[PDB]
Amino acid sequence: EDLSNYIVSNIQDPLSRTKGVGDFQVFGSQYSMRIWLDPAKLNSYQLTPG
Amino acid sequence: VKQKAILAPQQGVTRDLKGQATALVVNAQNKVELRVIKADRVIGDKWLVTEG
């Protein structure tokens, strides 16, 4: 995951602003702040995901 | 009170990508390598590393 993050973050658009690069397709994705909810503690504190 | 705790200086430990704060430990043969830190608290200007 961190390799795909580094590729799409640091080397992707310098690769894409060069000559003749018409399209790209990257395996993986960047980092994103994933927030994994637990339904048991949501039931505990009377909260919904909304 | 935690017995045999180890405190690290403030800017001696820094975080890289995906969080995961690390500190550059120095080997016995004068080599250097960065180790991960399980820092959970700061006392004054010193991080409390539990293990690592």
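In order, the protein sequence lines correspond to chains K and G.
Those letters in the first sequence? Residues 152 to 201, by PDB author numbering.
Those letters in the second sequence? Residues 263 to 314, by PDB author numbering.
Heads up, the beta-carbon is just placed ideally off N, CA and C, and yes, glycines get one too.
- Task: Could you tell me which chain G residues have their CB closer than 9 Å to the CB of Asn-156 of chain K, listed as they occur along the chain?
- Result: By Cβ distance, chain G contributes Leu-279 and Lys-280.
- Item | Strand pairing of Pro-271 of chain G, partner residues [DSSP] | Under DSSP, the beta-bridge partners assigned to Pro-271 of chain G are G:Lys-308.
- Task: Go ahead and label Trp-187 of chain K buried or exposed: buried means 16 or more other beta carbons lie within 10 angstroms of its beta carbon, across all protein chains shown.
- Result: The residue is exposed, with fewer than 16 neighbouring Cβ atoms inside 10 Å.
- Message: Quick check on DSSP: helix, strand or coil for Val-287 of chain G?
- Response: Three-state DSSP puts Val-287 of chain G in a strand.
- Closer than 7 Å to chain G by CB, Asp-174 of chain K: Residue contact with chain G for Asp-174 of chain K: absent (no Cβ-Cβ distance below 7 Å to any residue of chain G).
- Message: Could you check whether the segment 165-177 of chain K touches the segment 267-278 of chain G, counting it as contact only if at least three pairs of C-beta atoms, one from each stretch, sit closer than 8 Å?
- Response: Output reads no: the segment 267-278 of chain G does not touch the segment 165-177 of chain K.
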